[PDB]
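Only one chain is included here, represented as structure tokens and corresponding to the form deposited without the partner chain.
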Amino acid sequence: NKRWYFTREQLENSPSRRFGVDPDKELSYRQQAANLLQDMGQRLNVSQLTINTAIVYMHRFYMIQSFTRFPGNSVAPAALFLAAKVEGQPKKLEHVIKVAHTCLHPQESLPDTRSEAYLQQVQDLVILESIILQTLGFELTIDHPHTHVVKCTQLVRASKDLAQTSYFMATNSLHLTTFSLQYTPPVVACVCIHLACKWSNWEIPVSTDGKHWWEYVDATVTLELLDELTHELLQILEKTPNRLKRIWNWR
């Protein structure tokens, strides 16, 4: 139950670190895998939910395995192959090999579906899917902040706009951070509303009780923490090119 939540001291000392991989570096090995995932998932016309699931799989997978033995470009397609089944949007093994290929080698031509070369990479993926399964120890039912986002936004009568922004934040928290490895969906969700508000100059009228909007969503949540985390998230958002422009008010 605390199995896939780790402390900052555990996150630092990770399977990859113990094979020489710097923190900053490992951290961008994840971001990269997440990109590959989103890239592939859109071409395979699966949902964001399915993509998010795969990303969380990827995240937890590398809290056990190292990037120096399992390359993101190999894990990401297998993780997405899995998430799609698990989420009801099954895509065919040959179909996923295809798309992974063009994503990782936009130039290179596809091998003869009959060759020994191609017959291997199919083998490989399937093997990998098996290792992800065992590595996760068959716990594939994920819970994403997005569910809770709806709830927090009824609790502020928020406009479409502010709602959409919060989801944006949510999705980006997975691509860009390791929150999903540290904080439970509901908490992360509050973080995503907090910063969506900040980013939009949206105001939160204290309840009549002196209660804050969040305490309704997760008891363990303190503003002292909200500020700490929305800072962290915003910081990397700013490091990420073009991403913020997506929600910037051009007017």
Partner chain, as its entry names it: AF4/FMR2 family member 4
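Residue numbers count along the first chain shown, from 1.
There is another form of this protein, the form deposited with the partner chain bound, and it is not shown here; the text below is about that form.
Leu195 is the sole member of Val221, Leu195, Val188, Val56 with a non-hydrogen atom lying within 4.5 angstroms of the partner chain in the bound PDB entry. Candidate site formed by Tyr5, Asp22 and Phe67: none of these residues places a non-hydrogen atom within 4.5 angstroms of the partner chain in the bound PDB entry. Among heavy atoms of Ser16, none comes within 4.5 Å of the partner chain in the bound PDB entry. The partner chain in the bound PDB entry comes within 4.5 Å of a heavy atom belonging to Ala158. Although the partner is absent here, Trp199 sits close enough that one of its heavy atoms falls within 4.5 Å of the partner chain in the bound PDB entry.
At a distance threshold of 4.5 angstroms between non-hydrogen atoms, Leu181 is out of contact with the partner chain in the bound PDB entry.
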